[PDB]
Amino acid sequence: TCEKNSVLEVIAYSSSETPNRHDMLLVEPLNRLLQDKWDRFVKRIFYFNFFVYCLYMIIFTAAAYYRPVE
Amino acid sequence: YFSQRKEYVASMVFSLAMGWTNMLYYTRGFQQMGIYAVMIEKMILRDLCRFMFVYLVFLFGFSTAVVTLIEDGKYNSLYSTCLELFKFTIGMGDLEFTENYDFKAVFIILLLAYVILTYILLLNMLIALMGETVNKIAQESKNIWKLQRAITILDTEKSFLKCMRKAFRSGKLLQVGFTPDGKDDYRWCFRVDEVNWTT
Amino acid sequence: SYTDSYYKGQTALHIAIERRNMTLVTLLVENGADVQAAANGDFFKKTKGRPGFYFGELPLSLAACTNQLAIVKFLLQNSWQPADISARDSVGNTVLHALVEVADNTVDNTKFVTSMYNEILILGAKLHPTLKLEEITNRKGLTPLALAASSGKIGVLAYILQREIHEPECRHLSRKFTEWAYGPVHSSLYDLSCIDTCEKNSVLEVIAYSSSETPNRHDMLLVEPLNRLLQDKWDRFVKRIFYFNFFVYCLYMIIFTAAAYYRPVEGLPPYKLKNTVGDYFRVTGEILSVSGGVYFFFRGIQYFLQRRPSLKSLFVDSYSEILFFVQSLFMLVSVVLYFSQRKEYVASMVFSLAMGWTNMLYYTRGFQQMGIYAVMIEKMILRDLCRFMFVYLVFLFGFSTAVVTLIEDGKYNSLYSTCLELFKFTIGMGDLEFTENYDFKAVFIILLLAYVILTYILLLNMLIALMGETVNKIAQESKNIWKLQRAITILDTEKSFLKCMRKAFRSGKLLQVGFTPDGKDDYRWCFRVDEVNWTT
Ligand SMILES: C=C(C)[C@]12C[C@@H](C)[C@@]34O[C@](Cc5ccccc5)(O[C@@H]1[C@@H]3C=C(COC(=O)Cc1ccc(O)c(OC)c1)C[C@]1(O)C(=O)C(C)=C[C@@H]41)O2
Ligand code: NA
């Protein structure tokens, strides 16, 4: 919580030119923060979104397959 | 679809293919399975993108040579000729030399030169480079995976689509409580336990 | 003390020992502190999903884990309140089990853990000559040697199996005993107790039947007594039995093959026997084939009941047993359909026959040269194809449904032929005959060429590079893998043996010391080993 620009946003949304983009997340407070957030609520939401996307694709597939030929 | 054109089918079909292929986005963030997604991304963005120009140079040069040589046969059109030569590159040719046109030997020399140049030399060069890319990051998954996970977390926090912002980790705890003035600090401190077996 | 869920049982004595304050320990013990109290908080217990300091919950083990020899000497030897050197925690671990537990196979760890272990043993023998701490088993039924073998504590095994004490009145604790030495060569006797004949849980059982997560599972068989013991066991009797079993299996497969080939072509089984030689030999082959299937079936059930493997390691270990069991299942299903008046038994029989030959590769395990290929195929099937299946199926299903959406009444317009045809395109055995009359031809060509490029060029070579990485990653590991397979084969041959005899002792019932603390003399089934070292 920064209200202007937090550390995690800066690391994550970096431009991929930063030399140590991967190692910055190994610093212990950040690693524990990400693990806690993952286990706490994010993991379930991610799985839920994956499931919903799968249902969306199944419906799209079934709808397209039975298109009319007139 | 609403413009009264059959061609909507074509657009729909392409979307459907992407609709399944983009499912691989959800393999990102698994320690085992995100490696395939990132390998595909790196390979498509670097290696095929660069190699496209070399292969297109060879394809166009030999294609225009062949179209110039042949006078009214099956090859004498750039579309079919380019298709056939592309099939030759991936090892899907015929090489049936039982035709009745003049300059047969020149056609054979050109086509065999193309086959050796594309099927044996260039494609294997490409495959060696792609294998180098694949093995370069096979060990890097432990580094890569966390980063992917990190991005997801911020997005799931960023939108969150319920108006709640319970993004804090622990209580509004007091660290010191004695600033240089008479006030006291509470800083949302987060507790961490760590282990080190040294000495 | 602390009465919470986390620090439960911690008292001032634990704190003083943890702080390395000998004075506070001495004063607290002098003041009537309990030196045998159990610290059983969640912080102080063995656990996976929380940090902690497991040490065995006792002050004596706390000093022992922390490398404070003076404190353990005081706690055992003080008259104010002596400690019980054989005290057991809630897990049943003693000080020795705690010492083994806190090892991690590093140099300084190995040094001080080995030293403290030795000192505890010497103090126990001198103070309590009738007490044998190493015979004490924890709640899992493990002695400290069994615990060390289970956890992969290579350094602790290297110490224990080759332990020699050059001090009188405690030589009976030694396991290695040196008989003679020449310039480069010397011969010693090794105790060998509870290496192979234990009746509860031997070292070789624990090494062989470990769950493959133990980091040093391969190196533990290189510790010298085990290496020579297994080599002699191989050369003595196991080698001939293994070759005999391989030969018998070959005969079984030949008979099954011949019987399957000459099946009758009439409908509606079962088929009646005619008074002719062909029918007699055919039904003989059928009976032997079904007999072998039943044999493998019951062996598989016995294996699963004896091991009780978990799901997550069900295929990582027990691969060959699973495949033999699946073969036997196909044989039984073939029998059931045969007597159910169905032709479809042929189909089941065919699958079993194919597996029947392929599982022959199990017998290449245990050769230095040919064993490498079976394990390479095992790793490549379990690791690489299983993961890559989902990616390839995503591509296959996406493009297949795209194509079947596009085509109106052609050869393509059905997912079965389209999936087959696109699979042929994946392995580079398509046709690409674009001389048809369907509309949207250009869109179709774009889609199919995109699929062909994506699968045949990009994905398949990614798979092949990863498989090559797997292949070379274990090409140099052939020695270790061969050793482990050899050990498993030896133990399996010793277990069953089909004659009720177990004359698998390595050497005679020899005497090592013969001078116990009491007036008895000990014989311990010692094992003579001669070794050569050109150092200096
Ligand atoms: C139950 C499993 C795991 C399994 C059973 C069958 C279907 C199997 O395909 C797999 C999946 C498969 C199918 C096709 C191509 C690749 C993988 O792998 C084995 C299984 C795998 C094989 C390949 O054989 C090997 O790995 C050789 C081998 C390696 C190590 C061993 O210890 C061993 O001794 C038993 C044999 C043989 C088959 O059983 C067979 O003969 C047929 C027709 C298919 C193979 O499914
Ligand atoms: Na080919």
# chains A, B, ... in the order shown; residues from 1 in each chain; ligands from 1

$ select_by_dssp --residues "chain B" --states "alpha helix (DSSP H)" --output "PyMOL selection string"
chain B and resi 8-21+34-42+49-69+78-89+104-115+123-138+141-158

$ select_by_dssp --residues "stretch 175-233 of chain C" --states "strand (DSSP E)" --output "list in words"
residues 176, 177, 178, 179, 180, 181, 185, 186, 187, 188, 189 and 190 of chain C

$ write_last_selection --atoms "C-alpha atoms" --output "PDB file, in the first residue's frame"
ATOM      1  CA  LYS C 176      34.314 -52.268  12.808  1.00  0.00           C
ATOM      2  CA  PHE C 177      37.158 -54.409  14.109  1.00  0.00           C
ATOM      3  CA  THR C 178      40.553 -54.559  12.419  1.00  0.00           C
ATOM      4  CA  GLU C 179      42.125 -58.007  12.088  1.00  0.00           C
ATOM      5  CA  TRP C 180      45.388 -57.159  10.336  1.00  0.00           C
ATOM      6  CA  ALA C 181      47.160 -54.684   8.084  1.00  0.00           C
ATOM      7  CA  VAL C 185      46.093 -53.855   2.261  1.00  0.00           C
ATOM      8  CA  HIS C 186      44.219 -54.485   5.486  1.00  0.00           C
ATOM      9  CA  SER C 187      41.472 -56.832   6.651  1.00  0.00           C
ATOM     10  CA  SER C 188      38.765 -55.969   9.159  1.00  0.00           C
ATOM     11  CA  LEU C 189      35.593 -57.543  10.512  1.00  0.00           C
ATOM     12  CA  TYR C 190      32.283 -55.674  10.323  1.00  0.00           C
TER      13      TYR C 190
END

$ residues_near_ligand --ligand "ligand 1" --cutoff "9 Å" --atoms "only C-alpha atoms and all ligand atoms" --output "PyMOL selection string"
chain C and resi 315+318-324+326-327+350-365+373-382+385-386

$ residues_near_ligand --ligand "ligand 2" --cutoff "8 Å" --atoms "only C-alpha atoms and all ligand atoms" --output "PyMOL selection string"
(chain B and resi 91-92) or (chain C and resi 428-429)

$ write_last_selection --atoms "C-alpha atoms" --output "JSON list (two decimals), in the first residue's frame"
[["chain", "number", "residue", "atom", "x", "y", "z"],
["B", 91, "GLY", "CA", 10.24, -32.57, -45.73],
["B", 92, "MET", "CA", 6.89, -33.00, -47.50],
["C", 428, "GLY", "CA", 5.27, -35.02, -40.21],
["C", 429, "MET", "CA", 3.30, -37.63, -42.13]]

$ residues_around --residues "stretch 136-147 of chain C" --least-positions-apart "5" --cutoff "7 Å" --atoms "only C-alpha atoms" --output "compact mmCIF listing (two decimals) with N, CA, C and O atoms, in the first residue's frame"
# COMPACT_ATOMS: atom_id res chain seq x y z
N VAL C 91 7.55 -38.58 20.41
CA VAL C 91 7.79 -39.37 19.21
C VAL C 91 8.52 -40.68 19.52
O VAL C 91 8.62 -41.55 18.64
N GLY C 92 8.99 -40.87 20.75
CA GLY C 92 9.80 -42.01 21.10
C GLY C 92 11.27 -41.86 20.81
O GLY C 92 12.05 -42.76 21.14
N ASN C 93 11.68 -40.74 20.22
CA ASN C 93 13.08 -40.49 19.97
C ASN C 93 13.83 -40.30 21.29
O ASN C 93 13.33 -39.66 22.22
N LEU C 96 19.94 -40.12 20.95
CA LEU C 96 20.57 -40.56 19.71
C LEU C 96 19.68 -40.30 18.51
O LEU C 96 20.15 -39.87 17.45
N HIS C 97 18.38 -40.56 18.65
CA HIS C 97 17.46 -40.26 17.56
C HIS C 97 17.42 -38.76 17.29
O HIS C 97 17.37 -38.34 16.13
N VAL C 100 20.63 -37.87 15.39
CA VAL C 100 20.53 -38.26 13.99
C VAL C 100 19.60 -37.30 13.25
O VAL C 100 19.86 -36.95 12.09
N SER C 202 15.54 -53.62 8.41
CA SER C 202 16.98 -53.65 8.19
C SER C 202 17.43 -52.42 7.42
O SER C 202 16.62 -51.65 6.90
N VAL C 203 18.74 -52.22 7.36
CA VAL C 203 19.28 -51.08 6.63
C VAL C 203 19.00 -51.21 5.15
O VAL C 203 18.61 -50.24 4.48

$ closest_atom_pairs --of "chain B" --to "chain C" --cutoff "6 Å" --atoms "only C-alpha atoms" --output "Markdown table"
| residue | atom | partner | partner_atom | distance |
| --- | --- | --- | --- | --- |
| B:13 | CA | C:402 | CA | 5.2 |
| B:17 | CA | C:398 | CA | 4.8 |
| B:20 | CA | C:398 | CA | 5.0 |
| B:131 | CA | C:465 | CA | 5.6 |

$ write_last_selection --atoms "N, CA, C and O atoms" --output "PDB file, in the first residue's frame"
ATOM      1  N   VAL B  13     -13.806 -18.669 -36.858  1.00  0.00           N
ATOM      2  CA  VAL B  13     -12.992 -19.870 -36.754  1.00  0.00           C
ATOM      3  C   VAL B  13     -11.644 -19.519 -36.167  1.00  0.00           C
ATOM      4  O   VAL B  13     -11.181 -20.179 -35.228  1.00  0.00           O
ATOM      5  N   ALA B  17      -9.745 -20.901 -32.529  1.00  0.00           N
ATOM      6  CA  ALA B  17      -8.436 -21.515 -32.368  1.00  0.00           C
ATOM      7  C   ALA B  17      -7.640 -20.788 -31.302  1.00  0.00           C
ATOM      8  O   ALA B  17      -7.157 -21.412 -30.347  1.00  0.00           O
ATOM      9  N   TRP B  20      -8.722 -21.479 -27.709  1.00  0.00           N
ATOM     10  CA  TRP B  20      -8.167 -22.635 -27.023  1.00  0.00           C
ATOM     11  C   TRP B  20      -6.696 -22.437 -26.721  1.00  0.00           C
ATOM     12  O   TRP B  20      -6.230 -22.791 -25.637  1.00  0.00           O
ATOM     13  N   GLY B 131      16.788 -25.284 -29.845  1.00  0.00           N
ATOM     14  CA  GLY B 131      17.208 -26.122 -28.737  1.00  0.00           C
ATOM     15  C   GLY B 131      18.075 -25.372 -27.748  1.00  0.00           C
ATOM     16  O   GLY B 131      17.986 -25.589 -26.537  1.00  0.00           O
TER      17      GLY B 131
END

$ closest_atom_pairs --of "chain B" --to "chain A" --cutoff "10 Å" --atoms "only C-alpha atoms" --output "CSV"
residue,atom,partner,partner_atom,distance
B:6,CA,A:70,CA,9.7
B:9,CA,A:64,CA,8.7
B:12,CA,A:64,CA,7.8
B:13,CA,A:64,CA,8.1
B:15,CA,A:60,CA,9.8
B:16,CA,A:61,CA,7.0
B:17,CA,A:61,CA,9.6
B:19,CA,A:57,CA,6.6
B:20,CA,A:57,CA,7.0
B:23,CA,A:54,CA,8.0
B:25,CA,A:50,CA,9.5
B:26,CA,A:50,CA,6.6
B:27,CA,A:50,CA,9.7
B:29,CA,A:46,CA,9.8
B:140,CA,A:22,CA,9.5
B:142,CA,A:22,CA,9.2
B:143,CA,A:22,CA,5.6
B:144,CA,A:22,CA,6.8
B:145,CA,A:22,CA,9.3
B:146,CA,A:25,CA,7.5
B:147,CA,A:22,CA,6.5
B:148,CA,A:12,CA,8.5
B:149,CA,A:34,CA,7.9
B:150,CA,A:34,CA,6.5
B:151,CA,A:12,CA,5.7
B:152,CA,A:46,CA,8.2
B:153,CA,A:42,CA,6.4
B:154,CA,A:9,CA,7.3
B:155,CA,A:9,CA,9.8
B:156,CA,A:42,CA,6.7
B:157,CA,A:42,CA,8.2
B:160,CA,A:45,CA,9.4
B:167,CA,A:1,CA,8.0
B:168,CA,A:1,CA,8.3
B:169,CA,A:33,CA,8.1
B:190,CA,A:29,CA,8.6
B:191,CA,A:29,CA,9.4
B:192,CA,A:32,CA,7.7
B:193,CA,A:32,CA,9.8
B:194,CA,A:28,CA,9.2

$ write_last_selection --atoms "N, CA, C and O atoms" --output "compact mmCIF listing (two decimals), in the first residue's frame"
# COMPACT_ATOMS: atom_id res chain seq x y z
N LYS B 6 -21.21 -14.16 -45.52
CA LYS B 6 -20.80 -15.46 -45.02
C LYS B 6 -19.45 -15.42 -44.31
O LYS B 6 -19.20 -16.25 -43.43
N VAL B 9 -17.93 -16.52 -40.70
CA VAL B 9 -17.49 -17.86 -40.33
C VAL B 9 -15.98 -17.90 -40.22
O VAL B 9 -15.43 -18.32 -39.19
N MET B 12 -14.77 -16.10 -37.15
CA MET B 12 -15.13 -16.85 -35.96
C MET B 12 -14.18 -18.00 -35.76
O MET B 12 -13.66 -18.19 -34.64
N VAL B 13 -13.81 -18.67 -36.86
CA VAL B 13 -12.99 -19.87 -36.75
C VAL B 13 -11.64 -19.52 -36.17
O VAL B 13 -11.18 -20.18 -35.23
N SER B 15 -10.85 -17.05 -34.21
CA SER B 15 -10.99 -16.72 -32.80
C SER B 15 -11.05 -17.98 -31.97
O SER B 15 -10.34 -18.09 -30.96
N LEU B 16 -11.77 -18.99 -32.47
CA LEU B 16 -11.94 -20.23 -31.73
C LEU B 16 -10.60 -20.90 -31.50
O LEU B 16 -10.31 -21.34 -30.39
N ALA B 17 -9.75 -20.90 -32.53
CA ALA B 17 -8.44 -21.52 -32.37
C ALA B 17 -7.64 -20.79 -31.30
O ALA B 17 -7.16 -21.41 -30.35
N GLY B 19 -8.89 -19.05 -29.00
CA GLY B 19 -9.60 -19.22 -27.76
C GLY B 19 -9.13 -20.43 -26.99
O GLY B 19 -9.09 -20.42 -25.76
N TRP B 20 -8.72 -21.48 -27.71
CA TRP B 20 -8.17 -22.63 -27.02
C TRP B 20 -6.70 -22.44 -26.72
O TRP B 20 -6.23 -22.79 -25.64
N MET B 23 -5.56 -20.67 -23.68
CA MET B 23 -5.66 -21.44 -22.46
C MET B 23 -4.29 -21.69 -21.84
O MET B 23 -4.19 -21.79 -20.61
N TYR B 25 -2.11 -19.63 -21.26
CA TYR B 25 -1.86 -18.56 -20.30
C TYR B 25 -2.08 -19.03 -18.87
O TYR B 25 -1.39 -18.58 -17.96
N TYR B 26 -3.02 -19.94 -18.66
CA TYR B 26 -3.28 -20.40 -17.31
C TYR B 26 -2.30 -21.47 -16.85
O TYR B 26 -2.35 -21.86 -15.68
N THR B 27 -1.40 -21.95 -17.71
CA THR B 27 -0.27 -22.73 -17.21
C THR B 27 0.80 -21.85 -16.59
O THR B 27 1.67 -22.36 -15.89
N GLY B 29 2.34 -19.66 -13.84
CA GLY B 29 2.17 -19.69 -12.41
C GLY B 29 2.19 -21.07 -11.78
O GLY B 29 2.15 -21.16 -10.55
N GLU B 140 15.85 -22.09 -15.43
CA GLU B 140 15.45 -20.78 -14.94
C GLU B 140 14.02 -20.74 -14.43
O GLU B 140 13.56 -19.66 -14.01
N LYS B 142 12.55 -21.77 -11.71
CA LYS B 142 12.41 -21.31 -10.33
C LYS B 142 12.46 -19.80 -10.25
O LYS B 142 11.75 -19.20 -9.44
N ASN B 143 13.27 -19.17 -11.10
CA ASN B 143 13.27 -17.73 -11.16
C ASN B 143 12.03 -17.22 -11.87
O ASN B 143 11.43 -16.23 -11.44
N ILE B 144 11.64 -17.90 -12.94
CA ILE B 144 10.59 -17.37 -13.79
C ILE B 144 9.24 -17.47 -13.09
O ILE B 144 8.47 -16.50 -13.06
N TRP B 145 8.98 -18.63 -12.47
CA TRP B 145 7.67 -18.96 -11.93
C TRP B 145 7.19 -17.91 -10.94
O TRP B 145 6.08 -17.38 -11.10
N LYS B 146 8.06 -17.54 -10.00
CA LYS B 146 7.72 -16.56 -8.97
C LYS B 146 7.26 -15.26 -9.59
O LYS B 146 6.21 -14.72 -9.22
N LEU B 147 7.99 -14.81 -10.62
CA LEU B 147 7.67 -13.54 -11.26
C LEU B 147 6.28 -13.59 -11.86
O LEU B 147 5.47 -12.68 -11.62
N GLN B 148 5.95 -14.70 -12.52
CA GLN B 148 4.63 -14.84 -13.12
C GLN B 148 3.58 -14.79 -12.04
O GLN B 148 2.63 -13.99 -12.13
N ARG B 149 3.84 -15.49 -10.93
CA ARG B 149 2.91 -15.51 -9.80
C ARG B 149 2.71 -14.11 -9.27
O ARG B 149 1.56 -13.67 -9.10
N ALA B 150 3.81 -13.36 -9.18
CA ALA B 150 3.76 -12.01 -8.62
C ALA B 150 2.83 -11.14 -9.43
O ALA B 150 1.93 -10.50 -8.86
N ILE B 151 2.91 -11.24 -10.76
CA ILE B 151 2.12 -10.37 -11.62
C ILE B 151 0.65 -10.67 -11.42
O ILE B 151 -0.16 -9.75 -11.21
N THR B 152 0.31 -11.97 -11.35
CA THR B 152 -1.07 -12.38 -11.19
C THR B 152 -1.66 -11.79 -9.93
O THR B 152 -2.76 -11.22 -9.96
N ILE B 153 -0.86 -11.79 -8.85
CA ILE B 153 -1.35 -11.37 -7.56
C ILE B 153 -1.76 -9.91 -7.63
O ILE B 153 -2.88 -9.55 -7.24
N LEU B 154 -0.92 -9.09 -8.26
CA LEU B 154 -1.21 -7.67 -8.33
C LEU B 154 -2.48 -7.43 -9.12
O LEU B 154 -3.37 -6.69 -8.66
N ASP B 155 -2.66 -8.16 -10.22
CA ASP B 155 -3.87 -8.00 -11.01
C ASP B 155 -5.08 -8.43 -10.23
O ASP B 155 -6.09 -7.72 -10.22
N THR B 156 -4.96 -9.52 -9.48
CA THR B 156 -6.10 -9.97 -8.70
C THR B 156 -6.40 -8.98 -7.58
O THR B 156 -7.55 -8.82 -7.19
N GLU B 157 -5.36 -8.31 -7.07
CA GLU B 157 -5.60 -7.24 -6.12
C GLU B 157 -6.09 -5.99 -6.83
O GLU B 157 -6.88 -5.22 -6.26
N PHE B 160 -10.27 -6.84 -8.60
CA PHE B 160 -10.90 -7.49 -7.45
C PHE B 160 -12.43 -7.39 -7.36
O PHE B 160 -13.04 -8.21 -6.66
N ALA B 167 -6.30 -5.87 1.71
CA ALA B 167 -4.97 -6.19 1.22
C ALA B 167 -3.91 -6.17 2.32
O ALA B 167 -2.73 -6.40 2.03
N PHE B 168 -4.29 -5.95 3.57
CA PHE B 168 -3.33 -5.95 4.66
C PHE B 168 -3.08 -7.37 5.13
O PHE B 168 -3.90 -8.26 4.92
N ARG B 169 -1.91 -7.57 5.75
CA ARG B 169 -1.44 -8.89 6.13
C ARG B 169 -1.58 -9.18 7.61
O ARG B 169 -2.03 -10.27 7.98
N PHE B 190 4.37 -6.84 9.61
CA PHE B 190 4.11 -8.20 9.19
C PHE B 190 5.15 -9.12 9.82
O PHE B 190 6.35 -8.86 9.70
N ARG B 191 4.68 -10.17 10.49
CA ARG B 191 5.54 -11.06 11.25
C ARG B 191 6.08 -12.16 10.35
O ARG B 191 5.34 -12.73 9.55
N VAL B 192 7.37 -12.44 10.48
CA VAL B 192 8.05 -13.46 9.70
C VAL B 192 8.97 -14.23 10.62
O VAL B 192 9.74 -13.62 11.38
N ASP B 193 8.91 -15.55 10.55
CA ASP B 193 9.82 -16.45 11.25
C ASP B 193 10.75 -17.10 10.24
O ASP B 193 10.30 -17.59 9.21
N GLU B 194 12.05 -17.08 10.54
CA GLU B 194 13.07 -17.61 9.66
C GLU B 194 14.01 -18.51 10.44
O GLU B 194 14.16 -18.37 11.65

$ atom_distance --atom1 "atom CA of residue C:482" --atom2 "atom CA of residue C:367"
6.5 Å

$ atom_distance --atom1 "atom CA of residue A:2" --atom2 "atom CA of residue B:195"
29.6 Å

$ atom_distance --atom1 "atom CA of residue C:476" --atom2 "atom CA of residue C:159"
27.7 Å
